[PDB]
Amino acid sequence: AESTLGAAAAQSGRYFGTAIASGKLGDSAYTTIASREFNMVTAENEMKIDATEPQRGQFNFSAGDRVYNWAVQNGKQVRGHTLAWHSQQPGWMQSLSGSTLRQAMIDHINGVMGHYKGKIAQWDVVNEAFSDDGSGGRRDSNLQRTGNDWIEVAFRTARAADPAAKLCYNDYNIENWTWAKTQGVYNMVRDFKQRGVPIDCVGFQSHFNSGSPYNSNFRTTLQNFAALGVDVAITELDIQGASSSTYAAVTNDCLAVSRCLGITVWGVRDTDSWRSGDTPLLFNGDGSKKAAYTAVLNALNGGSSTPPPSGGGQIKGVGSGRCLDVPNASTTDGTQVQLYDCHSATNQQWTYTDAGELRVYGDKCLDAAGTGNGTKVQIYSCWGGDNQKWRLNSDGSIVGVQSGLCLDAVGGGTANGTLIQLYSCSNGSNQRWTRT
């Protein structure tokens, strides 16, 4: 099983990327993670219209190239984002309309693709052209007002500018098949393919949250578009709350569709997110892997034939054959957990939540009061602290998100009453566990 997202994705011929912010590239903590985990890069803002053509006819690639250079220097491909869009247009363009805007759109496409010709894997040629008003129609923007054919023109222009790049139409809220927006976009791509309009891919931003939740029918959405003869890509993935199950579900949806090229999460750490408040990424503020990271990696690596327990379950240490136990079924915060003869008792029933917590009694969380070796692993009222979140590695180890240390049975102990602590991860049987 591969150890990093990009490499794991590559095991199925796919890529796993992120959105890079040029201004954060001087931050070693940021780049260490980004360079290690992803093999695909999208400039978060540096290749947008305002950044690449600040004044009409004056193309500026300094910012975009800072991102591009970093990507290629570190073995990553690049997704160009984005050429035609109603948002983040430079002031001079916002003042345009009609034929003048139409030609500016065409000139912009030519200038940017010309500069990056032969260097970009995919280009989000047109972004967010459909409305969220429920009509399944076009967004009313200066671009749409130039004529309904603006999108088609953008793609034809792009094909000529760089016939080597995959041309994508990118949008959000087009993941749930039942949504009018999703179907409106489907009809457009269908029409394009039927009439010969150059389009090779559809990018699903995949910004999931309680307002626009992930739905299992996303797989049918991807299949529907793939059947039109275009590749599909998850371009700006982030999930409010970073549910491990939802992240794995989205990953498995892509792995289920042969035409799904790969997945790009919109950012590196939650603190780098445009929606940091939703802690929707795979790494938290201090750059540590979250429970969701492990779920995605597991999925990319093929997962397992035996689905993980749900609604509870024991945690038995392979070394002692004993289960994680809360002394005397106590509910006192600060109570250090131990290894004890497995038996049907709530004080041995642990639930691995999508947030990455290990709950017992329903409201008590496996908790670590410290980050160094020998830290006592105990129970404490659940509140979501990083010292209450864990990653269940495929090798059977259980690592604390905040500490990066493995649950360890003191002195390799195996007898009952053996205390559980944190300690540098090894491979010892006193650090491996089985979910029953």
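Each form is matched to the other, and the largest set of C-alpha atoms that superpose within 1.5 Å is called the rigid core. In this text, residue numbers run from 1 along the sequence as written.
Student: Taking the root mean square of C-alpha distances over all structures and residues in 6 other deposited structures of this protein, with a rigid core superposition, name the larger of 206 to 214 and 295 to 303.
Tutor: Stretch with the higher C-alpha RMS distance in 6 other deposited structures of this protein: 295 to 303.
Student: Output yes if residue 310 is unmodelled in at least a third of the other compared entries of this protein, no if it is modelled in all of them.
Tutor: That residue is missing from at least a third of the other compared entries.
Student: So 65 to 73 or 393 to 401, which one's hotter by mean CA B-factor in the entry?
Tutor: Looking at the recorded C-alpha B-factors, 393 to 401 comes out higher on average.
Student: Report the stretch with the higher mean CA temperature factor, choosing between 144 to 152 and 343 to 351 on the basis of the entry.
Tutor: Of 343 to 351 and 144 to 152, the stretch with the higher C-alpha B-factor average is 343 to 351.
Student: By the entry's C-alpha temperature factors, tell me which of 33, 40, 407, 49 sits highest.
Tutor: In this record, 407 carries the highest C-alpha B-factor of the candidates.
Student: Hey, out of 177, 130, 85, 361, whose CA B-factor is highest in the deposited coordinates?
Tutor: In the PDB entry, the greatest C-alpha B-factor among 177, 130, 85, 361 is found at 361.
Student: Ordered by C-alpha B-factor within the chain, which third holds residue 25? Give me lowest, middle or highest, please.
Tutor: Middle third.
Student: Can you tell me which third, lowest, middle or highest, the CA B-factor of residue 268 falls into for its chain?
Tutor: Lowest third of the chain for residue 268's C-alpha B-factor.
Student: Tell me, lowest, middle or highest third: where does the Cα B factor of residue 321 rank within its chain?
Tutor: Within its chain, residue 321 is a highest-third residue by C-alpha B-factor, going by the deposited values.
Student: Considering only modelled residues of the same chain, in which third does the CA B-factor of residue 312 rank: lowest, middle or highest?
Tutor: Top third by C-alpha B-factor.
Student: Select lowest, middle or highest to describe the third in which the CA B-factor of residue 18 falls within its chain in this entry.
Tutor: Its C-alpha B-factor belongs to the lowest third of this chain's values.
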